[PDB]
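Below is one structure, written out as structure tokens; comments come after it.
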There are 2 protein chains.
Amino acid sequence: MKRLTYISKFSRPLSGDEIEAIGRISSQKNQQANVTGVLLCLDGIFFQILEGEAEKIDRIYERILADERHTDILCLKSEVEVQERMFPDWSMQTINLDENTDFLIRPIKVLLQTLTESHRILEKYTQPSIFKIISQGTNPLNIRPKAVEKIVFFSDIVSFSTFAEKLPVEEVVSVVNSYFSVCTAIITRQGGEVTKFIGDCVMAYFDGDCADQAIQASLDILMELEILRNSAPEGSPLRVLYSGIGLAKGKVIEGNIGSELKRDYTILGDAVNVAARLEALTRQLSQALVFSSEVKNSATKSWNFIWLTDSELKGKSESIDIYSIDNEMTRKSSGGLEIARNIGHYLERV
Amino acid sequence: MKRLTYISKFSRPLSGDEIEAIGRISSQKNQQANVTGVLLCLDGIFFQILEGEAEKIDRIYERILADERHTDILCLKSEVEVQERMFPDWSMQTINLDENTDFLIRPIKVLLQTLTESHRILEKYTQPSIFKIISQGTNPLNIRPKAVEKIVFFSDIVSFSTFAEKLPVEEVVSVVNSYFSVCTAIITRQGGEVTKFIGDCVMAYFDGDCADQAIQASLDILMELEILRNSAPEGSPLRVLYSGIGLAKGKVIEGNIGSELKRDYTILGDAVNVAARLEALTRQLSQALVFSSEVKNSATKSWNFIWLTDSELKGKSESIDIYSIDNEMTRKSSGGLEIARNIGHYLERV
Ligand SMILES: Cc1cc2nc3c(=O)[nH]c(=O)nc-3n(C[C@H](O)[C@H](O)[C@H](O)COP(=O)(O)O)c2cc1C
Ligand SMILES: Cc1cc2nc3c(=O)[nH]c(=O)nc-3n(C[C@H](O)[C@H](O)[C@H](O)COP(=O)(O)O)c2cc1C
């Protein structure tokens with residue numbers, strides 16, 4: 001059997017009518033599916049444990065995930081090898097702690113709420129991969145390191161130092177966070193993982209057989225930033241927000257890396273350095289998107305590849321053939337590298 | 001008034017004798033201090049809320065922090081402007097959920113435990129600064145960005161690519177994590193903050209008037225790594241673990257930086273780039289510790305400074321005078337840069 005524990009937030013205030021309507025329908029449908037567990041609600045927060053056959057649990061959770069009556073749904077625990085139920089006589093008992101006034105309940109209710117609020121804070125500072133791993137039924141702390149082929153993605157804001165020199169601190173942070181949000185949304189949708197931000201740089205990766213998705217993600221980012229630039233208000237710093245992007249491919253180490261008290265689930269390897277070094281060359285090469293021949297050859301779609309140069313850095317003493325893709329979007333984005341050389345006056349005036 | 005909520009783990013199994021001994025003494029001392037609240041215990045976990053006058057709360061918490069009967073003590077919430085108690089008739093009521101069997105308690109007990117276990121996982125992936133901010137009574141999500149003078153620290157492992165080429169993946173990760181742990185312990189003790197790991201690199205910062213502590217932290221790291229190298233088993237990769245370090249000083253932006261779902265409380269600015277670029281020069285300059293004249297002049301202690309070079313990168317088109325400190329430890333660590341040029345055979349044989 002499978003047992004799923006999640007928490008969620010009310011999308012909007014819910015009356016007593018609606019709360020017991022949820023319990024009513026949930027209990028009837030879980031009875032049919034031989035699913036048991038408990039649904040708790042407290043100050044506009046839901047907690048639910050559900051247990052039963054994995055296929056039935058997944059289909060129920062799928063409906064729960066689509067229910068517009070709550071949001072911020074976060075699976076805290078997925079157990080996929082359960083052989084004894086924890087709540088057998090209870091298709092879906094519902095408990096409302098708001099209407100509860102019992103003696104020892106008052107301190108436990110406060111603790112539940114404070115734990116949940118603290119957990120919601122830490123979620124905002126936690127890599128998305130950690131919650132994905134948890135939702136697959138794995139404790140991330142017990143993942144052992146492995147060598148894995150990845151496509152590594154590195155991007156940054158062109159002429160970012162001009163933004164920091166010219167704009168108030170709150171506007172600098174607004175620009176960087178807008179950029180990070182654009183990149184993160186598209187990378188994640190294309191099946192990649194944003195693993196680190198450093199300064200105004202994004203580091204991300206894709207499965208090693210997903211060069212096509214990494215390339216498409218990169219082109220979509222350039223496309224989204226074009227929409228952002230040309231839709232921004234007159235005088236907005238967003239009108240001169242341009243990105244450089246570099247991709248590389250290689251065997252890296254994936255796992256928990258860090259100090260005793262603080263680690264990241266992330267990657268380590270030469271392809272990280274290569275992606276960052278390629279991304280740095282975007283200005284010299286006058287191309288917003290650059291990538292290695294290994295990425296080029298790994299792709300299976302008929303992209304309009306253009307050879308740029310044979311270049312070296314390192315280290316390992318081997319030259320690297322560097323490519324881009326030639327289309328209207330990359331030409332426009334590459335012209336943006338030139339525009340961004342002289343945005344100081346424009347930014348001085350926001 | 002102040003109200004403090006924390007969680008902790010039993011250091012070792014505790015009997016019923018010891019649990020109520022804690023409640024007994026806690027209630028008597030809190031009665032004296034006019035402190036109220038509740039202490040809960042569940043499967044070897046403590047939860048406590050304490051409220052009263054700030055000075056009395058801090059002294060009680062100080063004793064609690066030193067009590068060897070629990071560990072992993074983590075403050076989840078500090079409220080410093082409380083004007084109404086939450087548990088007035090209760091100097092220190094103790095509730096034991098293990099011995100509890102009530103009806104609606106069983107699901108809430110399970111939820112408490114699952115929330116706590118999940119919270120303990122996220123703690124391991126959370127920057128230390130976030131818990132410090134929380135313990136000072138501030139929600140980190142509501143900190144606005146500010147310009148601040150910092151000393152920025154950047155360090156990495158010399159010839160790290162050789163480690164990755166020669167060692168099994170689990171040993172590579174063991175080495176990097178050992179290094180990260182050494183740096184993080186010393187930086188934190190010296191009043192700095194480790195804010196980011198990237199590859200085998202540590203990025204950290206200190207208050208802008210703390211160049212002396214940043215320099216001392218750097219020298220202590222070199223000292224600790226010497227002890228690590230010369231105490232490691234025969235053939236251990238740790239015997240050839242060397243670091244480079246660079247320090248810079250400048251006005252940076254500090255705040256919440258990232259995407260909508262994932263941010264870091266960290267810094268952004270030119271001094272981050274300068275520290276990393278200086279750290280990269282350690283090999284060319286044959287010096288394990290390098291820093292800018294701005295760091296040198298900001299220090300007030302009579303360090304044995306040595307001028308190394310007048311160098312440029314960027315960007316901003318200004319040359320930077322680069323210094324180190326000349327003592328036995330830096331000379332030994334700098335000779336290690338040379339040794340690390342040719343550790344491939346040594347590492348091939350572990
Ligand atoms: C907090 C919450 C918990 C829910 N729990 C369950 C559940 O345990 N089982 C279930 O079948 N539906 C549950 N639902 C409702 C589903 O989202 C959905 O409304 C219903 O199952 C779909 O019924 P349908 O087959 O007509 O589409 C829950 C909804 C909410 C808001
Ligand atoms: C889980 C736990 C909770 C505690 N809570 C309190 C408390 O609320 N108030 C208190 O005075 N001591 C509390 N203590 C005990 C203190 O750590 C310490 O033993 C005692 O207060 C010191 O007494 P002293 O003045 O003789 O040094 C707690 C201990 C543990 C393990």
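For the stretch B:47-75, give me each residue that is near ligand 2 (Cβ under 10 Å from one of its atoms), buried (at least 19 other Cβ atoms within 10 Å of the Cβ) and either of a type in the set (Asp, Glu) or within 11 Å of chain A (Cβ to nearest Cβ) (or both). Within the stretch B:47-75, B:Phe47, B:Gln48, B:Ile49 meet the criteria.
Within the stretch B:314-342, residues that are over 30 Å from B:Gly269 (Cα atoms) sit with their Cβ atoms under 6 Å from residues that are part of a helix (DSSP H, G or I), at 6+ positions apart or across chains, in these pairs: B:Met329/B:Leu222; B:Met329/B:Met223.
Residues checked against (1) within 9 Å of ligand 1 (Cβ to nearest atom); (2) at negative phi; (3) in contact (Cβ under 8 Å) with a residue 60 or more places away in the chain:
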residue	(1), (2), (3)
A:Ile60	yes, yes, no
A:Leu76	no, yes, yes
A:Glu84	no, yes, no
A:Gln93	no, yes, yes
A:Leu97	no, yes, no
A:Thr101	no, yes, no
A:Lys109	no, yes, yes
A:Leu112	no, yes, yes
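The residues of the stretch A:170-203 that are more than 7 Å from chain B (Cβ to nearest Cβ) and assigned to a helix (DSSP H, G or I), listed by number, are A:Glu171, A:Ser174, A:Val175, A:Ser178, A:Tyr179, A:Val182, A:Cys183, A:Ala185, A:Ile186, A:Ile187, A:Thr188, A:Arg189. Against the conditions (1) part of a helix (DSSP H, G or I); (2) buried (at least 24 other Cβ atoms within 10 Å of the Cβ), A:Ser324 satisfies every one except (1).
Within the stretch A:65-74, the set of residues being touching a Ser or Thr at 6+ places or on another chain (Cβ under 8 Å) and either within 11 Å of ligand 1 (Cβ to nearest atom) or within 25 Å of B:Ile105 (Cβ to Cβ) (or both) comprises A:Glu68, A:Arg69, A:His70, A:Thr71, A:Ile73, A:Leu74.
In the stretch B:223-248, the residues that are touching a residue at least 12 places away in the same chain (Cβ under 8 Å) reach residues that are among the aromatic types (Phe, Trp, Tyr) with C-beta atoms within less than 6 angstrom, at least six apart or across chains, in these pairs: B:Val240/B:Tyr346; B:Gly246/B:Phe154; B:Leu247/B:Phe153; B:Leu247/B:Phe291. Is it true that B:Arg85 is in a helix (DSSP H, G or I) and among the basic types (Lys, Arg)? No; evaluated as a whole, the condition is false for this residue. Being surrounded by fewer than 18 Cβ atoms within 10 Å (Cβ to Cβ) and under 30 Å from A:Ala299 (Cα atoms) is not true of A:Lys150.
Okay, residues lined up against (1) in a helix (DSSP H, G or I); (2) in contact with a helix residue (DSSP H, G or I) (Cβ under 6 Å, 6 or more places away or on another chain); (3) among the β-branched types (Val, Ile, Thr):
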position	(1), (2), (3)
A:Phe206	no, yes, no
A:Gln213	yes, no, no
A:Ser218	yes, no, no
A:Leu238	yes, yes, no
A:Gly244	no, yes, no
A:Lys249	no, yes, no
A:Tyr265	no, yes, no
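Taking the criterion of being within 27 Å of A:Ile306 (Cβ to Cβ), surrounded by fewer than 21 Cβ atoms within 10 Å (Cβ to Cβ) and more than 14 Å from chain B (Cβ to nearest Cβ), the residues of the stretch A:234-290 that qualify are A:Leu281, A:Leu285, A:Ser286. A:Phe131 satisfies every condition listed in (1) more than 13 Å from ligand 1 (Cβ to nearest atom); (2) among the hydrophobic types (A, V, I, L, M, F, W, C); (3) more than 26 Å from A:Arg12 (Cβ to Cβ); (4) surrounded by 15 or more Cβ atoms within 10 Å (Cβ to Cβ) except (3). Scanning the stretch A:319-350 for residues that are over 14 Å from A:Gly244 (Cβ atoms), of a type outside the set (A, V, I, L, M) and in contact with a strand residue (DSSP E or B) (Cβ under 8 Å, 6 or more places away or on another chain) returns A:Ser319, A:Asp321, A:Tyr323, A:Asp326. Report whether or not B:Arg144 is free of Cβ contacts under 8 Å to residues at least 60 places away in the same chain, of a type outside the set (A, V, I, L, M) and within 14 Å of another protein chain (Cβ to nearest Cβ). When the stated conditions are applied, B:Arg144 does not pass them. Within the stretch B:102-141, the set of residues being of a type in the set (A, V, I, L, M) and either outside any helix (DSSP H, G or I) or closer than 21 Å to B:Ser78 by Cβ (or both) comprises B:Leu104, B:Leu112, B:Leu115, B:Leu122, B:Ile130, B:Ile133, B:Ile134, B:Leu141.
Evaluate the following for A:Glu170: is it under 21 Å from B:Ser118 (Cβ atoms), in contact with a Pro (Cβ under 9 Å, 6 or more places away or on another chain) and either in the same structural domain as A:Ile227 (by CATH) or among the hydroxyl-bearing types (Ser, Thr, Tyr) (or both)? Against the criterion (under 21 Å from B:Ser118 (Cβ atoms), in contact with a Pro (Cβ under 9 Å, 6 or more places away or on another chain) and either in the same structural domain as A:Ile227 (by CATH) or among the hydroxyl-bearing types (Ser, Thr, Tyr) (or both)), A:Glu170 does not qualify.
Of all the listed residues (A:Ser78, A:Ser11, A:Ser26), the sole one being buried (at least 21 other Cβ atoms within 10 Å of the Cβ), away from ligand 2 (no atom under 16 Å from the Cβ) and hydroxyl-bearing (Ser, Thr, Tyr) is A:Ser26. Looking only at residues of the stretch B:40-57 that are closer than 16 Å to B:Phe87 by Cα and assigned to a strand (DSSP E or B), we find that the one that is farthest from ligand 1 (Cβ to nearest atom) is B:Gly52.
Filtering the stretch A:2-39 to residues that are of a type in the set (S, T, N, Q), assigned to a strand (DSSP E or B) and either free of Cβ contacts under 8 Å to residues at least 24 places away in the same chain or more than 10 Å from ligand 1 (Cβ to nearest atom) (or both) leaves only A:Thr5.
Taken as a whole, the structure leaves B:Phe103 outside the set of residues that are away from ligand 2 (no atom under 16 Å from the Cβ) and in the same structural domain as B:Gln216 (by CATH).
The set of residues in the stretch B:96-108 that are at the interface with chain A (Cβ under 8 Å from one of its Cβ atoms), surrounded by fewer than 19 Cβ atoms within 10 Å (Cβ to Cβ) and not acidic (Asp, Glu) comprises B:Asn100, B:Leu104, B:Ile105. Among the criteria (1) within 13 Å of chain B (Cβ to nearest Cβ); (2) of a type outside the set (A, V, I, L, M); (3) touching an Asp or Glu at 6+ places or on another chain (Cβ under 9 Å), the one A:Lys150 does not fulfil is (1). In this structure, B:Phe206 does not satisfy being over 18 Å from B:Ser243 (Cα atoms), within 10 Å of chain A (Cβ to nearest Cβ), of a type outside the set (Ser, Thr, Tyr) and touching a residue at least 12 places away in the same chain (Cβ under 8 Å).
Could you please let me know if B:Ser231 is in the same structural domain as B:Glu170 (by CATH), under 25 Å from A:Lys196 (Cβ atoms) and either among the hydroxyl-bearing types (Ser, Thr, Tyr) or surrounded by fewer than 18 Cβ atoms within 10 Å (Cβ to Cβ) (or both)?
When the stated conditions are applied, B:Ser231 does not pass them.
Is it the case that the stretch B:193-204 has a residue that's surrounded by fewer than 17 Cβ atoms within 10 Å (Cβ to Cβ), assigned by CATH to the domain that holds B:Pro168 and not polar (S, T, N, Q)? Looking for residues that are surrounded by fewer than 17 Cβ atoms within 10 Å (Cβ to Cβ), assigned by CATH to the domain that holds B:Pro168 and not polar (S, T, N, Q), one finds none in the stretch B:193-204, hence no.
Note: ideal-geometry Cβ built from the backbone for every residue, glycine included; neighbour counts use all protein chains shown. Basis: the model, the stated rules and, where named, an outside source; none is laboratory data.
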